[PDB]
Every structure is written in structure tokens, then in C-alpha cells.
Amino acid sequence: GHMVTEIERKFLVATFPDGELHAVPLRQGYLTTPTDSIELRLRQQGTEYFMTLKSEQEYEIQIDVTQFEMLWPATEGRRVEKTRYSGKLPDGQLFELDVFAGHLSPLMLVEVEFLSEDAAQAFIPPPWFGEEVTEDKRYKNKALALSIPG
């Protein structure tokens, strides 16, 4: 049957790449902590703003900038801010490259999407990619948000 869940691998970045990149600044943060009965997340994607509620079912409301900045401070300590660059490798695989801000600096991650779950296994990373972290729990989004400075 057709693709249900995307197939991807994620790496550190040894060298920021050259080439055509499209930049989007991103700020996202959790109002809740993982033991809460629900997950409530705020995100800014460019110039649009959302609050998401999940219970384990998913609600998303678009909010304006003033609603977002009034509530943002209640995400302190559980946030990820980064600029995301979208690009394409020479063979055509699309990538997203995150350059993290605040205490997660100097982290940079690159995530690659594959059309076949065997092109994924055949992938040869280009030299600018660092070590693979696909399986490392610490580099998942929520782990990154919940980590702490110092």
C-alpha cells in the first residue's frame, strides 16, 4: 500500500552547506510537562501562530501574535527556537536543516526524506553531514525542548 509514515534519517551537521536554502524562523514551546493529562504546545511558523492540544484527540487553533506573545512566557524551560533551512541534495533528496538558538546552540541537525524505505538504507551521507542521530532519544524534538541550560 502507499506510504503511511515518512521515511527519514537525521544527522548532526559537520559543515553548513552552500547552495539554495529557504529560511524559516521557528519558535515552539510546551505549556504542559509530559506527566500532564494533556499536551498543550504553542508554535510560531513564520508569521502564523498556533496552539495545539493533544490527549492520549487533537485540537489546533490558530491564534494571533498578541495571544501568542502573551502566553509564550509560560513555555520557559520547555522551548525550542531555531531557524529551519529547506534544501535539496545533488541527487534530489529534500533536506531540512535546523540551526538552533539559545541554550541549544551550537546544535545543528539535518533531516533527510526518502521516497523508498530502501533508498533510505542505501543513502550515502554527503561529507558535510556529521554523525547520525536517527535512533538517539536525546535529539527528538520533545527531548530537545525539555533539556536545560548549564
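In case it trips you up, residue 1 is the first one in the sequence shown, and so on.
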- [ ] With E56 and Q57 adjacent in the shown sequence, let me know how many deposited residues between them lack coordinates: none, 1 to 3, 4 to 9, or 10 or more.
- [x] 4 to 9
- [ ] Tell me which of 20-28 and 134-142 has the higher mean C-alpha B-factor in the deposited entry.
- [x] 134-142
TODO: Identify the stretch, either 109-117 or 62-70, whose C-alpha atoms have the larger mean B-factor according to the entry.
DONE: 109-117
- [ ] Specify which of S86, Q45, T52, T83 carries the largest Cα B factor in the deposited PDB entry.
- [x] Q45
Open item on the list: Quick check on the deposited entry: does the C-alpha B-factor of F95 sit in the lowest, middle or highest third of its chain?
Closed with: middle
